[PDB]
Every structure is written in structure tokens, then in C-alpha cells.
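Residue-level listing of the chains:
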Amino acid sequence: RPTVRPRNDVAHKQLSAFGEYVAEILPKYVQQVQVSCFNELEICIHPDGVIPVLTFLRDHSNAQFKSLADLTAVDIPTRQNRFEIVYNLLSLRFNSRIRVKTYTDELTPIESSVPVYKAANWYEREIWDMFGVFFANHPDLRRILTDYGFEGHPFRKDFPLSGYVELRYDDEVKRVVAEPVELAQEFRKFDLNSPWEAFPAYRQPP
Amino acid sequence: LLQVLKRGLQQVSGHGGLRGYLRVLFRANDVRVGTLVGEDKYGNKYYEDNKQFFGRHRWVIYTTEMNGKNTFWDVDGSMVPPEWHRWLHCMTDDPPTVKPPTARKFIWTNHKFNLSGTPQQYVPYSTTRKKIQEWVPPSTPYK
Amino acid sequence: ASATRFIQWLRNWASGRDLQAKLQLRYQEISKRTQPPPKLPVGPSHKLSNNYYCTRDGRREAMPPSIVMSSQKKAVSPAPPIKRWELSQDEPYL
Amino acid sequence: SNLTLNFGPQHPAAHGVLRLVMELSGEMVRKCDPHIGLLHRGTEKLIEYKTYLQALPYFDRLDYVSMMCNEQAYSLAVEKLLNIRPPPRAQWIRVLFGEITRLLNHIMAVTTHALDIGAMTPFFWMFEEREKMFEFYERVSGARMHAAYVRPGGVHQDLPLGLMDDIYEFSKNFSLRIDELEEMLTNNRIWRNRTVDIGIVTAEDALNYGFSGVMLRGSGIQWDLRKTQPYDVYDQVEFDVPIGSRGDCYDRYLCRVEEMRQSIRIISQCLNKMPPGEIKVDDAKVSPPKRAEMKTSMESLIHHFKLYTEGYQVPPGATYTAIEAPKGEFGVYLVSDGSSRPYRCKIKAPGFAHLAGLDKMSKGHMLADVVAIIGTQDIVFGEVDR
Amino acid sequence: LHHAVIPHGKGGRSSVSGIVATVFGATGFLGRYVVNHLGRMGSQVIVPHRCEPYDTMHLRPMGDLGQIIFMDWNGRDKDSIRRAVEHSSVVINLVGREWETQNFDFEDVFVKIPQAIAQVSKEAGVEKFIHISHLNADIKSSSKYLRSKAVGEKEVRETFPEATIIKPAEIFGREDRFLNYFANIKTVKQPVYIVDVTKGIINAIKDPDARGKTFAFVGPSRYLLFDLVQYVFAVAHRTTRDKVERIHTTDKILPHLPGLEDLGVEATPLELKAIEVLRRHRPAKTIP
Amino acid sequence: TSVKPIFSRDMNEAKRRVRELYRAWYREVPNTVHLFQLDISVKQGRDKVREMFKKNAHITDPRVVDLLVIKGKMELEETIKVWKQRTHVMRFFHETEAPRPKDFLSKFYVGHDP
Amino acid sequence: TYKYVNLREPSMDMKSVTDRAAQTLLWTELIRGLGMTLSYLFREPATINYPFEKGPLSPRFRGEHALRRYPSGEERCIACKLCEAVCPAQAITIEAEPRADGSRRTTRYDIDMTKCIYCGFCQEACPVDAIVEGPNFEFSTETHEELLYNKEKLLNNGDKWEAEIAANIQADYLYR
Amino acid sequence: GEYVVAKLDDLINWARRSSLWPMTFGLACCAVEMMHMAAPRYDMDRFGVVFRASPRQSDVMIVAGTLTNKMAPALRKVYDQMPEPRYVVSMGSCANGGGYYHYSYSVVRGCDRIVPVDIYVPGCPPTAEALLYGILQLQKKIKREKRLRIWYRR
Amino acid sequence: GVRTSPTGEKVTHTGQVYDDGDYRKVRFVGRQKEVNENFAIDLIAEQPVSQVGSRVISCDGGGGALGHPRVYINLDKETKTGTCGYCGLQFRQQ
Ligand SMILES: NC(=O)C1=CN([C@@H]2O[C@H](COP(=O)(O)OP(=O)(O)OC[C@H]3O[C@@H](n4cnc5c(N)ncnc54)[C@H](OP(=O)(O)O)[C@@H]3O)[C@@H](O)[C@H]2O)C=CC1
Ligand code: SF4
Ligand code: SF4
Ligand code: SF4
Ligand SMILES: [Zn+2]
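Residues numbered from 1 in each chain as written, not as in the entry; some residues may be left out. Chains lettered and ligands numbered in written order. Part of a larger assembly, values for the part shown. Heavy atoms only, no water.

- Chain B appears in the PDB entry as NADH dehydrogenase [ubiquinone] 1 alpha subcomplex subunit 12 from Bos taurus.
- UniProt's Function comment on chain B is quoted here verbatim: "Accessory subunit of the mitochondrial membrane respiratory chain NADH dehydrogenase (Complex I), that is believed not to be involved in catalysis. Complex I functions in the transfer of electrons from NADH to the respiratory chain. The immediate electron acceptor for the enzyme is believed to be ubiquinone." (UniProt positions renumbered as here; feature names shortened; annotations may be inferred.)

- You'll find chain A entered in the PDB entry as NADH dehydrogenase [ubiquinone] iron-sulfur protein 3, mitochondrial, with Bos taurus given as the organism.
- Comment text from UniProt for chain A, heading Function (literature references left out), reads "Core subunit of the mitochondrial membrane respiratory chain NADH dehydrogenase (Complex I) which catalyzes electron transfer from NADH through the respiratory chain, using ubiquinone as an electron acceptor. Essential for the catalytic activity and assembly of complex I (By similarity)."
- Recorded in UniProt under Catalytic activity, the annotation for chain A is "a ubiquinone + NADH + 5 H(+)(in) = a ubiquinol + NAD(+) + 4 H(+)(out)".

Listed below in C-alpha cells is the structure:
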């Protein structure tokens, strides 16, 4: 149908079979495997498995996920382990992508993946900077995006959008100073969610 | 090369003598002669030369006085009225002399250029009325 | 376009190309700045019948991910190995 | 000792300010420590307070030299979560303006690369061409740069009558302009002395450091997302991928110049193969209806009202979608919670990994070779910092 | 109060302090500190200036949008004083020179101009008036600067009886004519910090009892001029006839006048702020 | 309650790392005042350091202490390597922020905040 | 399909060797570059004589905002707040109430022109063509406050530029 | 005296406005349109506005892009090192008042909180022609200055 | 219908005007108060009521797709005119 995205059945079967393959080989760490309706394979693993799972996917002959495309974190405050660490990998040999996910909380360190992918060095610094997730055995873990001395982790869901402090130049002390934030116009929160369900296929149980 | 020099001399005559030639040279830094497409009510003159490359094929010679201001040396792009603004920026092919704008009685009869930095500048203010009416005590000391 | 015939030769020779065929300034070849009005077509869902939205609703055909394994044979690769690229037959070497 | 490269050149330059903390011994660079974040604006957190349409303009302002390519990446990600398909004419328009954008980026990448090295004349010749391509952007969108033209569902408006002929006129003469650029640089012994064997990166190191785009292809890696993982109609156009052999700045410079020629080759096919039809998905629950429908039909007005207030809801899910942006692989990890605002939007900027490799690529080079190496990576700190 | 001038906010840049102040002499040394403190808390500041607008640019960042308003005025034109003070709730006078010019002498800047500002301010209904005089002002002084300060201070008190008159000692600060004066070239001095005077002025606006009173702003320590000048050179790693006579005037003692402590301001020792003032040029005994 | 540690396996291990951080901060203040040419005294800078350590004295969670030490070391490096500018080092002192009323009556007069 | 950008082996016959030696010693490839810049000196420059000449624009150009009227003079805006809802920058602030004739009209219509991204989403969202981005782009000011437009400023912009705005809309409304 | 001062301001105002050497902070997008003003179509150099300068040789600073809190101290320091007379041109919504990142924790809501601004150029980005209009507006502002007339009347 | 208050300040079509004691009017000193003088309430009342011969009439504001959404107006009441809620034009059954 002209307006509907076509389904690719062959890639869904292929990625499912490879998902079982990885689950069978790494049972010590793999907690869940799923493939989305648009054919993206996700491996959910225990956080202890970061290095073994990423090394297997990089080096194994049937995996060869040589390129770390992205590494990010998602904050879900309702979860006991609020932070979800997402690794997106690319295999040039098999022209395929895979997503590997794990989790942690505010006080639990994750193992640095710099040994597996040098690309991860700055990504982990950004996750530390913006979410406050510590990576153990990182060559140089420090803020990368925020200002020096910045307090808090702005990408956390409970960090306010405009922050807590703002900058201006003060003539009395002849330097830029930081003061508690005041807004001439407050950001206008909108309630946009319709009170009618949109997607029955995703309904949660009562 | 002789014909090139002739064209240079025809620009002096094309500007109505040497005084009018030096006038546009020092006002506009350009001595090209074009076809007078038209003139607006403020005295701006509009010229075209389709032999020139796109972007130079249309130009305006600004008026020396607009809205009580001396613009002999002080010209700027905000002095072009909207009807000619469309033609000068090549949004259209037809000058307002050929396709005049629709008449509306709320449309400004007098165009105004940029008024920033003058006593006629815009100053923002809240357009809404007071929200909370206070209580006014009585004027008698009954107490 | 107004350059004399000698200057055209001079800059042609200096550059080594025939610059006049491919001038980087635009003259009359451009489109007219006033155009006739368009009459744009409509999409495939502009029907008066046989057009129920439940037969063409892409969002409602999305599904939650398939769970292959949950904690709650021959070896495979994530896809067949990529085929080798073939060298250009247009200009293999620059 | 210890230095700090200036924020930017003395001449006008548009790619952002960098604080580069350098360790040197004699003329040699011992360590490069890029201190970024000087253009970090919290885009990803702002996107969480926007509907999916309201967030689209944030993508023009990332790699703000490749505006429509960034839009296309975001649109493909949203269209994938929506499970819809943009109409074929929109796909051809998106590939057409994707390649026009690739020309815009490569002109900026190559001529500012020469301008920083001191070869400044080609910059002026080639931004007259960029000026004419800005006119194409403004004619379809009304804006010279930040068009917000490509959207989930297709494109905002259809091409104005007469635009394609003008694009043909520009494309007719452009190869000569590339030829003049090559006359100044390609065989110039000074240019080669500044670029050949500078910033060599091995194929394996490039992959492990997360490089993409020309940073991979300069080292001989045969990878182009338009070929291997095609999107829109890129599988219906013919072009060659330029491949380098020595992995240095000079080979990457040649790759970008050849990619410009292939973009002209692709644009030629888009102009000839442009099909008729609508420009946005005929699905008024995603794409707003025509203004004439909105003013006549009750259903159309309701859908216009809701699309421009609440916005369309995206089924819950997460996708990583990437395209072959002019600067490398540009991707978005977009998370939907079922509402009309994204839950999370991570932006994968190709220059983020590339600038992380500057320390590696500059080992045992001179202080002025760092200028060339940041040049060959083509860094825009809008996308590096978000 | 009028609903517009009810205080609102947390006292920051975007808050509403409720103060609408016209500051004459805002483009000088003391003026830039007063405007800064007024704009800090979200006040409406009217800055009448005689000078070229380029010379008022450093004042623009000192307030939120619309909070600093500039006007032109002439010391000899009362109509340009009426326009400036008409809508204000306090008028602050900081006009002055350390020398006489061809067009203005000390009888102009310190007697005729302050009187005109006070006379027009009174006629317009301004509630609060702040006038700056001098600690050593006296009609018997050998300095014509200090003699005119005495006459002007006396005339301002007649014209605006509720005016608050402040009498500082020599003020030291980054832009002063005091420590910078010595660093560029029998007597006891009690210099006072610029920020202490500024806080004193700002609290005088807020404090009700401050109306109708005269204050003297002095530092915490009295120094012999020789030692003070000796200290500057050590710290710094190293004019007119009338100016010299002021620097040699001993700083009066006025226990009958209230001071900085009475307005809630603690005086800052010259020791803690000498490097700040003097570093760019690269502990004296305190009298009991 | 069995949790993965960061560095320290108990509070006594953590307190050691805390004291090393204090020594490093204590010794750097005189250099910080000089390199940045601050107008505070060395005693003022050290008092601030004590103030910052003091307001975390109630913590009894070794993981939280490790993060506090980890964050404190990063701040020291930024200062030691001169990544901080003069403005950054002086933000600990809030020189331009007027004192905030603390008692009930003072807060009642100014506004509604408690 | 791929191609090699730099995979050529130089010919080592004495003639080719001598050709490269002449290039090194006589700088011939440097002379060639001088020819290209010389050829430009004699080309016509691309510069236009601003402000007497102007860059070409199209009817779609997104410039300064304006509030529009019906031919009767009644305001088109009905305070529906769709533009305020869609504005990606939250640059629009609207308040409304029944007018003295009962009409649904705004009492406040502000656009912070220093928040606006000039994206045109408001004029797409407007159901009555009330708010538009006009063709004016030469309205820089000397103060920040002059860029905080209220309803009077925007209505004056509509009355000022309507002659050209209406023509631009007439030229593009069939693409919308 | 009165006549000479009037003609003398006329001279120095002519010289300073006819030779405006800019320092551009190419912070972000707006620097691209700034480059297009230097490109051949508009050729800012033809007005006397040179291409490259150096902070310590510049007369006008053009803040062309978003100013973040991290960048704010460095921008103020450059402004402080400029020799006078010096002017600041605020180009685009970000520098004007924060623009599309106005509500961000890491963005200065207008560069006029850090430096005094002479001209505000609206747009996101302002077209190269819009910036040129703002630059020629600053020349008119300088043409209006009266430094010696004011000085002579002190 | 612009008018001035006792202080001489023009009143806007929204009824705004700073009262006598309001300091905020200092912003207009040496400048001007921007006021649009084509009051829409007065202009729409100059339009003549249209006479139609049906109970229901439709209004799109004129211009077809350049007007407002098309609405239908009931004219059964003979004690008042039917007004368009978008553009304010009035209709009466004849
Ligand atoms: N600073 C000190 O050490 C002490 C100062 N004081 C008093 O403090 C007040 C200000 O101190 P300070 O700020 O140092 O003085 P400044 O000279 O630093 O600034 C004086 C102000 O007065 C203005 N001014 C001067 N003459 C005239 C005039 N003829 N017409 C209009 N405005 C004029 C100046 O504006 P422009 O820039 O236009 O000239 C300037 O803004 C003065 O009254 C002084 O007597 C008292 C004791 C000590
Ligand atoms: S153009 Fe865009 S940013 Fe500006 S007011 Fe309209 S919707 Fe808001
Ligand atoms: S301008 Fe248009 S969209 Fe905005 S409130 Fe008015 S009618 Fe609604
Ligand atoms: S104002 Fe617009 S174009 Fe300029 S930097 Fe900001 S987002 Fe980019
Ligand atoms: Zn109607």
C-alpha cells in the first residue's frame, strides 16, 4: 500500500536467528533478545557482560561488529536502575547493525569499553558528563560538554530544562559571574497528551 | 578598444552631462545607464538592463529626500516601498507600473523606512489591561 | 558576456579552457521570475469509495518487538556476507 | 611545552570554536587534548519538550552546513517508527537536495581547508557557487540555510515551477568550477607538501576509532551507506564511491573532490527521473492536509488543528537510523514512548568520533599539520557539541 | 503603593525591586556602581547623560531589558530635569568634577546644578532625594571644591528638606582618583571603599528613617597621609592646585553624624582592596 | 544490600581517600591564589575548602563518598591544569549575591518563599 | 561501484623522468596555477551594488512577521492559538477575550523576534492566513527592546507591507 | 571653534566608518552567512570592511552565533582586549536573545548580558544581505557621533 | 477609534493605557507609543449587511482558499443579523 512502510520478512528471520545464536553462546550475560517490527535486533545483557559481550561481537567470525556507531544512555526514573546504556554497533562484513543494552543506577559503575572500541572514550565521558554514570577503568574520565565547575547532570529527567544558575558579566567584580536563574518569561509547559488511546497493539494490562 | 572607450563616453551623456554623471558616481558608485522602468511617489527611480547578469540587471537610484529626511548621502534598503520591493528583489517580473497592487484602505499611503535610533522608534509595552482590581477604602472616617 | 574579443582570448588562454561556453554569471537562461500557476496532483488516498482508513493505516500496523529469548544447529551470521564491490567501468582510475 | 590553539582563524570561518590544548617537543606534537563543549547548547534535552514536528528545525542547526541531510536523517527515523512511507516524488526530491547539500558541504569542507592553509582564492570562487545553491534552498523553502523542508512524511512543499531548469543550468557549468579548484590544489607542490602523508590512519584503526565517511574511504575501506544500506531512492541512481590508497589528508582531499563530481552525476539523474505525484504521505494523521482542504472539509480541519497543536503520536519504540551525511555517518537514536513528543533523542555526529581521533592522527607531526588534520576531518562543532 | 511598583521576585536581574531611580552623574566613578546595584535587584533606572552615548555603553548590560532608560539633559535646562525625574520615586545626584572647566566651575556643578535637581524634584513630587556632598566640606576651606560643597549641601537642604545628604571621605576603587592618583605621581585620611558607599546609598533608598538625615561615610582606619602614600608604592611595586589642597585636608571627625554602620554596612579595610586597585600598576600603621 | 563498589569497600577505606583529597586541595590553594591572581587570601581559600568538605560530613555510604571524592578530584584537576578561568574559581564565593534572609520575619517581609 | 582517486604508478622511462625534473626545476605546475588566477582578474566580478541592487528572492521568503486583515479591514486573527502552540521557540504569546461586539479577538499578540527562528511554522498553522512572515529583512535595530513585537507593531507591519504580502501569497498559495 | 569641531568630527567619523575592521566570532550557523557577506556577491571588503584582522586590530566584533556559558568568559576577554573605539554587532537570534536555545541550562540568553551591543541583526540566520544592512546601519550610527562637539562643550 | 486619556496617551484598540501614577510610561519619553489606528471593530461595522434569499448562507471570507474555513450561517431569527464568526460580515434574509 502506497502510504504503508513495507515489511522485510527475510531480515526479520535473519536477525532473529542471529539473536538466538548470541543468546546461546553468551547465556551468562544475555537476559533478553528482541527484534522490532522494522528489523532492529536488540540484546539486553547483565551489566557484568559489557566487555565479554562486546568483545565477542567485535571479534567473532560470524559477528565482526568492528565499528561502534554510537554509545548513549537513557534515563528512566521509574526504574530501580534508571540508566539504560545503549551500544549501537555496525558490522561491515555482514552489512548489519546490532544494539546491545544494559543498565545501572546512580552509584553502580559500568566497565569502560575503551579496550574493545577506542571510539567509546569520548562517548563514556559524555555519558558521565550528562547523566552522571561512572565508568570504571577509564583512561581520562571527566566532563566533556558542560562548563567547568558545572554541578549536576543535565540530561537526567529531573534536571530542570533551564538549569539552576545563569551567567552574566558584572562590572563591580570585572568578570563573568553565575547567579540563580530568573526568567523574564517562564517556559510554558504544555499538556499535549490526548486522553484517548492511540495504539491498541501496545496496550498494557489492567 | 575604441568602441569600449566610446561606450564610456556615452555613459557621461547618458547621465545628462558630467554633473549628473559625477552625481551618480558619488551617490551610487556606479555609472551604468539603464532603462527607466518607473519612479515611485518618494522620488526613487528604478532602472533595468537585461543585458547585465542576474542580480545586476535591476537597480534603484534612491531619492535625495524622503519623509523629511536628507538622503542625498544617507540611503538604505528600507527606503523602497512594498510595491517596488517585490520587483527590485526579483520576486516578480512585472513592475508595479504594469501590475499595481490591490488597493486597500488600511494600507499605508506613506511608506516609512527604518526608524530605529530615532524619536519615532518602536517601544514595546504590554497591550493587556490590569488583571486584579484592588479594594479602595472609603473616604469617610466612620471608624 | 560583455568582454571584448581580445580579453576573451586572453583569459581563455590563461585558464586553458573555453570559459565563455560555461560562464559562472547568469544571463537570460534562467527561469522567468513570474511563472504560470501550478495545478498540483493529489495522492492515492483521494478516492470517494474503497478508501477506508483502516485499510491504509500504517501506524496501527506497528507491533511491539518480537521477543526471541527472555530470562523471565548450524552457525549463522547476522546477514549473508556482503558481496564484493566491482570496479567502476566509467573511470576506474582517477 | 604546552600551547593552546586559537579559537578560530583571523579570517571569517564558520565551523565553531575549539580549545585545543597541545603538548609539543620542539616542532613536534606530543599530545592533542581537544576541549569541546564551547557550542554545547543542550539540543537533545530541548527536543524532549518539543513535538516531533517542533524538533525538526533543531536538526538544521547541527551540521549547519548540511542542513537538508540532517533533516532527512531525522525524517527517516520518524517515518520508520511511524511505519509510513514518503511518496516517490518526495524521495526523489530528498535525494536531489541531498546531493545539492553534499555539494554545499564539500565546497565548505575543501575551500576552507585550503583557506586555513593559506590558499585563499578558491574560497571566493566557490562560494559564488554556494550562493546560487542557497537560492535553490530559498526557492523551495523560503530560507537560504535552515529550510525545515524535509519532514517526516515527505517534503513541506512542491518544487516551484521553473526550479528544475535552473538547477540544470547550475549543474551544467559546475564541473568546470571543480576543474578550476583542482588547477589550484591538486598538482600544486605546496598543497601536496601540506597534505601528502599527513594524518595517516590505518584501515583497522579507523574502524575501531569509530570513523565513517571519507575518514574510512581514504584508508581504502569500501563502505558507503548509500550503497550498502540505501535509503529513499539511492538504489535507483548510478554513482561511484571514491576510494583512497594512502589514508592521508591528500587522499581524503581527492575523495571529497571526486564525491563532488559524483554528486553532479547523481543530480543529473534526479533531474531526468523526477516523477509526478504528491510530495507528502497522503495520510492526514501524519502529514497536514492541503490548505484548501483544511478550509472546506471538517475532517481536514480537525486533523490540521491536531497536527499543529498536539502533533501526531508515534508508536512506542526505539530506532537507530543513519544516513551517509556529507561528513560521514549521521544517525539518531530516537526513543518513542507512544506520545507526540520524543522521549529521548541521541544524535550521532560523525565529527564527534573524528575529533576524538585527532590526538591519534597528529602523533609525530608539526604544529601546522594539526591545522591540516582538523581540516581533513571537516569538523563543525554544531554537530560535535549538540 | 502603586500596583506597578510592588516588589516581586527573588531580588535578581528579572525581579521587580519597586525602585524607580533617576541617577544624575551615572556615567562617572560612583555612578557606575550605583546603577549596577540598582540594576542587580531589578530596578528601573533613568540615566540622564550629558555625554556621547558611546560613553554610556558600559551601563547597558547592568539591567534586564527595558530597565535602564537613557535621556539627554543639560545642567542649565530645567525642562530636561523635569522629563528625567517626573516618573521617579527617588532622585540620586552624583554630579561633580575634580577641576573647573571653561564652561562649568565649582559653583555650577556643586551649587547651581544640585539646587536645580532638588528644586525640580520637589516640584514634581519625588519622594526621596539622595545628595552626595563631602566629608571635609566647609565654607572656611582653602579648597574652592570644598567651599562649594558646603554651599551646595546647605542649599539642597533648604530646597528638599527630606533629602538624605551623604558626606563620604575620599573613595578608593578601581577607577578612583585616590590610589590611582598616588600611584601615578600633618594630614590624616579615612578613605572609604567604593562598594561600601554604594551599599550605603542603596540602603538609604530603602530605609525610611534615612530621610531628612545627613551621613558621613568613612573607612575603618585613619592613616597619616605619608604612610598611606608610602603604602601605595610598596603595594604597587614602585593634578591641579585645588586637588592638592584637598588631599592635604585632614579627614574631619563627626561623631554627631550617623555613618555606614547605621545603614547596615560594615566598612572595608583599605588593606583588603589595595591589590585589586593597584595590581595593574605593577600595611600602613593605623592611627588609634 | 550486596552492591558493586566503586573504589572503597567500607567507610574506613573511603575516609582515607577523602583525607588525601583534602591534603591535595589544602596544598593547592596557595598556588591557585597566585596563578589566578585571586584577591582572596590563602586563609579564605582554605576556609572555603573546609566548608565544602564539612557539608558532606554526615554521609555514611562508601559508594556516595567515592563519587564525592571522584567529583572533587576532577575539580582539582581543572584547577591544577588551569582549565578553569578566573571566573570559575571565584564562583565558590558568590561575591555578587546579596545575603539571603534566614529568619522567619525577614523571609515574611520579602515574599512567599519559606 | 568504486574508483581509485590516487593509484597511479609514475612511468620511469627517461623521458617521463625528465618531464618530472623539468616540472621540479622550472616550476611549471606553479606557473599553471598563476594562469588560473590571471584568467579571473579579467573576468567580470559577481559583486552586486548593494543597497542599490538587491539579491534575488522568491515569494516563499520568510522575513519579518506581520498580522493581516480581511479586505473589510477586520483582523484575520481569531485568537485560536495554533501559532502559539506550534512555535518551536515559544516566541509567541497570546491572550484573548470577547471583543465589545462579541468577536473572538486577541488582546495580546507578542512575538519575541530574538527568540524566533524564522521557521514559518506559525503561518503554516494559521487557519485564516492571519500571521505571516513578510518579505522585509532589513529591520535591524539599535536596542534589544525594539525586537520584542506587540500586537500594535505587528498590525502596523501588516498595514505597511500588505501590498507586497498579498501578492506573494497570491503567487504561492497553490503550492500550499 | 564651533565650526572646526563640527568639521573635525565629520573627518574622524568618516575615517572610522569607512575603515571598519571586524573581528568575527564564528560561533555557529550565523558565521556561514557571515562568510557569504565576504564572498564575491556582497564583498564586504569593497565597503572598507577587511577580510581578516586580528582582535587587537579590530574595530567591530560580530557575535555570529550561539554564546554558551562555557564560551562567555572567553568572549568577554576578547572584547576587553579590543582597542577603542570598539563596537559589537549581535547577529542572529541566538546572540540577540538566546533564540531557539533560550531556555537551555548552558546558553547565555543574549550576548548583551556579556558585552554592550550597538546593532542587533534579526534572523536565524539573517541573510548575508541582512547582515550587510546591519553593518551599513552601524556606519550611519558612527556618522551620527559627536565626540568633539561634546568634548568642546564640557 | 484612537483616543487620548487625560494624560495625553493614546488608547489602543485593546483599551490599554498607562494610568496617571504609572511609572512605566517613562519608556515613551523622548520616543513614541506604537499605536495602530485602523481599529478593526470600527471597520467591520462599516460593512453593509448583505441581503440573501435563503435561511442558510455560507461565508468563506472571500478569495476562496485565501479566506477562512467555510461556515454556514442560519438566518431564521428576524430580530438580528447572522454574523460570520471568522470575519464579522453580516447577513439578513430578505
Ligand atoms: N570620588 C570621590 O573620591 C569622592 C566623590 N564625591 C562626590 O561623589 C560624586 C561623584 O563622584 P565621581 O563619580 O567620582 O565624580 P565623577 O567625576 O567620577 O563623575 C561625575 C559625574 O558628573 C557628571 N558631570 C560632571 N560635570 C557635569 C556637568 N557640568 N553637567 C552634567 N553632568 C556632569 C559626569 O558626567 P560626564 O561623564 O558627562 O562628565 C559624571 O557622570 C561627586 O559629587 C563628588 O563630589 C565625594 C567625596 C569623594
Ligand atoms: S517563524 Fe517559527 S519560531 Fe518564529 S514565531 Fe513563527 S513559528 Fe515561532
Ligand atoms: S495568528 Fe492565526 S494561528 Fe495564531 S492565534 Fe491568530 S488565527 Fe490562530
Ligand atoms: S541564530 Fe539561527 S542560524 Fe544563527 S547560530 Fe542561532 S540557530 Fe544557527
Ligand atoms: Zn466570513
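### So, the overall build of chain B
Part 1: Summing up its helical and strand segments, chain B has three helices and five strands in all.
Part 2: The C-alpha atoms of chain B give a radius of gyration of 25 Å, which is well past the 15 Å a tight globule of 143 residues would have.
Part 3: Relative to its 143 residues, chain B shows a buried fraction of 44%.
Part 4: In chain B, the share of contacts with a sequence separation of at least 24, taken over all contacts with a separation of at least 6, comes to 45%.
Part 5: Accessible area for chain B stands at about 8400 Å²; split by element, carbon and sulfur atoms hold 56% of it.
Part 6: Charge centroids of chain B, computed over 21 positive and 12 negative side chains, lie 5 Å from each other. (Helix = DSSP H or I, 4+ residues; strand = E, 2+ residues; numbered from the N terminus. Rg over C-alpha atoms; globule rule 2.2 N^0.38 Å. Buried < 20%, exposed > 50% of the residue type's maximum accessible area, 1.4 Å probe, protein only. Contact = heavy atoms within 4.5 Å. Areas by Shrake-Rupley, 256 points an atom, 1.4 Å probe, with all protein chains shown as cover. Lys, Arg positive; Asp, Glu negative; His and termini not counted. Charge placed at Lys NZ, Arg CZ, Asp CG, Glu CD.)

### Notes on the coordination of the zinc ion (ligand 5)
All names here are of chain I.
Part 1: Here the zinc ion (ligand 5) is held by the protein donor atoms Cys 59 (SG), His 68 (NE2), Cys 84 (SG) and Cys 87 (SG), which lie 2.0 to 2.3 Å from it.
Part 2: Seen from the zinc ion (ligand 5), its four donor atoms lie at angles of 105 to 117 degrees, and the figure they make is tetrahedral.
Part 3: Sequence positions of the donors to the zinc ion (ligand 5) reduce to the motif C-x8-H-x15-C-x2-C.
Part 4: On the accessibility criterion, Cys 84 (3% relative accessible area) is buried.
Part 5: Judged by relative accessible area, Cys 87 falls into the buried class, the value being 2%. (Donors = N, O, S within 2.8 Å, 3.2 Å for Na, K, Ca; no water. Tetrahedral: all angles 85-135°; square planar, octahedral: opposite > 155°, others 65-115°.)

### Side note on the sheet that holds strand β6 (residues 82-83) of chain I
Part 1: Strand order in this open sheet of three strands is β3-β7-β6 (chain I), and the pairing throughout is mixed. Of all strands in the sheet, those bounded by a partner on one side alone are β3 (50-52) and β6 of chain I. (Pairing = 2+ DSSP bridges.)

### Some words on the environment of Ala 53 of chain H
Part 1: Locating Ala 53 of chain H in the fold gives a position in the loop between α2 (30-38) and β2 (60-64).
Part 2: Residue classification places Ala 53 of chain H among the buried residues on the basis of a relative accessible area of 6%.
Part 3: Taking the C-alpha atoms as reference, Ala 53 of chain H lies 17 Å from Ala 15 of chain H; in sequence the two are 38 residues apart.
Part 4: Once residues lying within four places of it in the same chain are set aside, the contact partners of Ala 53 of chain H are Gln 10 of chain D together with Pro 22 and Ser 58 of chain H.

### Focus on the interface of chain D and chain A
When the parts of a complex come together, some accessible area is lost, and that lost area is often taken as the interface size.
Part 1: Counting residues at the interface gives 58 residues for chain D, matched by 61 residues for chain A.
Part 2: The tally of links between chain D and chain A comes to five salt bridges.
Part 3: The salt bridge involving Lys 346 of chain D is made with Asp 70 of chain A; its shortest N-O contact spans 2.8 Å.
Part 4: Linking chain D with chain A are 28 residue pairs in polar contact, by the criterion used here.
Part 5: Counted by class, the side of chain D that touches chain A contains 26 nonpolar, 15 polar and 17 charged residues. (Salt bridge = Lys/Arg side-chain N within 4 Å of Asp/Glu carboxyl O. Polar contact = N/O pair within 3.5 Å; in protein donor to acceptor, adjacent residues only side chain to side chain. Nonpolar A, V, L, I, M, F, W, Y, C, P; charged D, E, K, R; others polar.)

### Here's the deal with the site of ligand 1
Part 1: Of all residues adjacent to ligand 1, which total 25 residues, the nearest are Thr 27, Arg 50, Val 95, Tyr 145 and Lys 149 of chain E.
Part 2: Residues near ligand 1 are shared among chains E and H, making this a multi-chain site.
Part 3: Between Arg 50 of chain E and ligand 1, the recorded distance is 2.5 Å, taken from a side-chain N or O atom to an oxygen atom.
Part 4: A distance of 2.8 Å separates an oxygen atom of ligand 1 from a polar atom in the side chain of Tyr 145 of chain E.
Part 5: Coverage of ligand 1 by the protein amounts to 90% of the 880 Å² it exposes when considered alone.
Part 6: Of all the elements, helix α3 (residues 106-124) of chain E adds the most residues to the shell around ligand 1, at three residues.
Part 7: Its residues assigned to classes, the shell around ligand 1 comprises 15 nonpolar, six polar and four charged. (Near = heavy atom within 4 Å.)

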